[PDB]
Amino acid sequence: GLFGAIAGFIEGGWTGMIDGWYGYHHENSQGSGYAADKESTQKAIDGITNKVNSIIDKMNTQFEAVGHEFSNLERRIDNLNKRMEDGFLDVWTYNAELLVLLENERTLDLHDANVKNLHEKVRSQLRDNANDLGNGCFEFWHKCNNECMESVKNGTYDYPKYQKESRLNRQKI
């Protein structure tokens, strides 16, 4: 099902982020910018590429009709052949068309889950040093420079480092 991130609590996408599917936007004293998460984006590429290659690979064989001819005294054998050729045609037509529908659904849900997980992975670190705005954004209770932002992106944010400063802005507001 929907994991509620894409077109969910995160209402829209970013045309400003052009080096990846999943990523970050930050604002600090030096400015703002987009940055893709190279880990999760690459993992998504490997899975979906594998998914596409696996599907193509299972579609590798072909049923091959032929152009044999039949006399007017072979109507039955003629009809048998046709119903066979049409038979396997309807079967593979079905298998392909239905698989596309079902796996498109999975693929779209997959991105949603990956964004969802990434949002959690970040939320889990900042804890109460940041404000969860509910829209996929976090407001820091402290001063967070480029290196600070970097640690968050790389997953190495140091919570106790900024803990005291944060409480003071929550005891002054």
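From 1 onward, residues are counted along the sequence shown.
Colleague: Comparing 35-43 with 104-112, which has the greater mean CA B-factor as deposited?
Modeller: On average, C-alpha B-factors are higher across 35-43.
Colleague: Between 49-57 and 125-133, name whichever shows the higher mean Cα B factor according to the PDB entry.
Modeller: Stretch with the greater average CA B-factor: 125-133.
Colleague: What third of its chain, lowest, middle or highest, does the C-alpha temperature factor of residue 2 fall into?
Modeller: Within its chain, residue 2 is a lowest-third residue by C-alpha B-factor, going by the deposited values.
Colleague: If you rank the chain by CA B-factor, which third does residue 63 end up in: lowest, middle or highest?
Modeller: It belongs to the highest third of the chain when residues are ordered by C-alpha B-factor.
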